[PDB]
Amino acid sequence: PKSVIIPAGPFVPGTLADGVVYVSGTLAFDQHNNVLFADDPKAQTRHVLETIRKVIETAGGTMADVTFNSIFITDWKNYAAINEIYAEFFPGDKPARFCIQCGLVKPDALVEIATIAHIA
């Protein structure tokens, strides 16, 4: 049966089943679910990927285990900035991904990422 993954600190941050980690769509939220870094896509992207990494790590994996990222943005003018930070977190062989533009849960949010990883 699935394990939930809740790093020290109606969905959980991630789940683990049969060696597959599913990380929830993650935004740049403070502890009160307010958006951090309102007008700054680079710092939002960094905060998101740091959270995702901690979920995967809590499960026993690393970012190299990520097979797929689902990226959701609100403006294509931010794509270059988001990509720049994203690449820093995946230095080796890159995951597969999509990046689509849509609406996100809070008005200041500029990016959200959900992630699938295969761990040992």
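We number the residues from 1 along the sequence you see.
Asker: Per the record, how many residues of the deposited chain fall between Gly9 and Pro10 without being modelled: none, 1 to 3, 4 to 9, or 10 or more?
Answerer: 4 to 9 residues are missing.
Asker: With reference to the PDB entry, specify whether the mean Cα temperature factor is higher for 52-60 or for 31-39.
Answerer: Mean B over CA atoms: larger for 31-39.
Asker: Looking at the deposited entry, does 15-23 or 103-111 carry the larger mean Cα B-factor?
Answerer: Looking at the recorded C-alpha B-factors, 103-111 comes out higher on average.
Asker: Out of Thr74, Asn83, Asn69, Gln44, whose C-alpha atom has the biggest B factor in the entry?
Answerer: In the PDB entry, the greatest C-alpha B-factor among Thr74, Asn83, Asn69, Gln44 is found at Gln44.
Asker: Going by the CA temperature factor in the PDB record, which third of the chain does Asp93 belong to: lowest, middle or highest?
Answerer: It falls in the middle third of the chain.
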